[PDB]
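Experimental coordinates follow, after the sequence.
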Amino acid sequence: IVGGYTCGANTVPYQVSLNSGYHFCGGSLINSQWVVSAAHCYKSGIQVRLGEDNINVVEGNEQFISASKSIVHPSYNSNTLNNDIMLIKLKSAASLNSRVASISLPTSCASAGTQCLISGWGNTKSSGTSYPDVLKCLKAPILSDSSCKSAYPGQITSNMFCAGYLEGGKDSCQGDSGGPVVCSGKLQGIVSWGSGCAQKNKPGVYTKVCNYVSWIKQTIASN
Ligand SMILES: *[O-]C1=C(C2=[C][C]=[C][C]=[C]2)[C]=[C][C]=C1C1=NC2=[C]C(C([N])=[N+])=[C][C]=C2[N]1
Ligand SMILES: [Ca+2]
């Protein structure tokens, strides 16, 4: 997260770190046995780490569970990152409490202007690589569709939205992909891509979760 602040230990209890010897993406807990992340964060050997804050120290509250299966959206396009969503099922269920809780899926899409919280252990520099130890947060709004499309002509589909600041300075960055964008207590986005981090007029693009709720629901119901 570039230009964000330290969330404070376990203040984002639905945030998960996907680990394969190190942290490579974030994700969101939506129920006791399922996480939602981004399709390009797919790999085998994923351990989902819950109740974290410093990802390099065991501080207590952590639950480490292995993924039983990951489901990449079938129409995921790696060249356009259209449909960049993935569901990970956990081997056993997580123990929910005040430090590990899930987040509700939206019933309606959010409107431009809506302010949301984006979190993650990603890079904090736009020009360089500095990965933090504890979780970072950034409050950013959803932009209108015309600004998004005017920033990324020909690269935004209806399953994507831009959120951020056009003046630059604040944005999600690498290490944040897969993580959440929660607005009014509903998961409205997943960190998907961007051009650099915190650059001027190049806001971050997020996968539009309101467009996948029936799919998340039906897939989870059948697996
Ligand atoms: O996410 C990502 C990755 C990556 C590839 C494959 C698996 C896991 C991660 C590699 C490089 C960069 C990124 C990435 N860049 C980026 C930029 C923004 C932004 N500027 N808003 C958000 C999220 C990411 N991820
Ligand atoms: Ca830790």
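Nice, thanks for sending it over. Numbers count the residues shown, from 1 in each chain. Ligands and ions are numbered 1, 2, ... in the order given.

which bits of the protein sit near ligand 2?
The chain has residues 52, 54, 57 near ligand 2, with proximity defined as Cβ under 5 Å from the ion. Every residue, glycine included, has its C-beta placed from N, CA and C.

For these, which single residue is the most surrounded?
Highest neighbour count within the residues of the chain next to ligand 2: residue 52, with 28 neighbours (other Cβ atoms under 10 Å).

Isn't it up against residue 133?
No: if you go by Cβ atoms under 8 Å, residue 52 and residue 133 don't touch, sitting 10.3 Å apart.

What's the separation between residue 84 and ligand 1?
Look at residue 84 and ligand 1: by Cβ to the nearest ligand atom, to the nearest Å, they are 10 Å apart.

Quick check, that residue in contact with residue 190.
Yes: the pair residue 84 / residue 190 is scored as a contact, 6.8 Å apart, by Cβ under 8 Å.

residues near residue 45, how many?
For residue 45, the count of nearby residues is 9 (other Cβ under 10 Å).

got the contact list for it?
By Cβ atoms under 8 Å, 6 or more residues apart in numbering, the residues touching residue 45 are 20-21.

Can you tell me how far the nearest residue to residue 166 once chain neighbours are set aside is from ligand 1?
Nearest residue to residue 166, sequence neighbours excluded (Cβ to Cβ, 6 or more residues apart in numbering): residue 201, at 5.2 Å. Shown here: residue 201 relative to ligand 1, a distance of 12 Å by Cβ to the nearest ligand atom.

Might you report the residue contacts of residue 201?
Counting by Cβ under 8 Å, 6+ apart, residue 201 has contacts 151, 166, 168.

Mark which of those residues are buried, thanks.
Those of the contacts of residue 201 that meet the buried threshold are 151, 168, by 16 or more other Cβ atoms under 10 Å.

any residue of stretch 133-151 up close to ligand 1?
No: residues of stretch 133-151 are not located near ligand 1 by Cβ under 6 Å from any ligand atom, the shortest gap being 9.6 Å.

can you give me the strands for the protein?
5-6, 15-19, 23-31, 34-37, 47-50, 63-72, 86-90, 115-120, 136-141, 160-163, 180-183, 186-193, 204-208 (DSSP state E).

Including mean neighbour count, could those go into TSV?
Output for the strands of the chain, formatted as TSV (neighbours: other Cβ atoms under 10 Å):
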stretch	mean neighbour count
strand 5-6	12
strand 15-19	25
strand 23-31	23
strand 34-37	26
strand 47-50	20
strand 63-72	16
strand 86-90	22
strand 115-120	22
strand 136-141	20
strand 160-163	26
strand 180-183	26
strand 186-193	25
strand 204-208	27
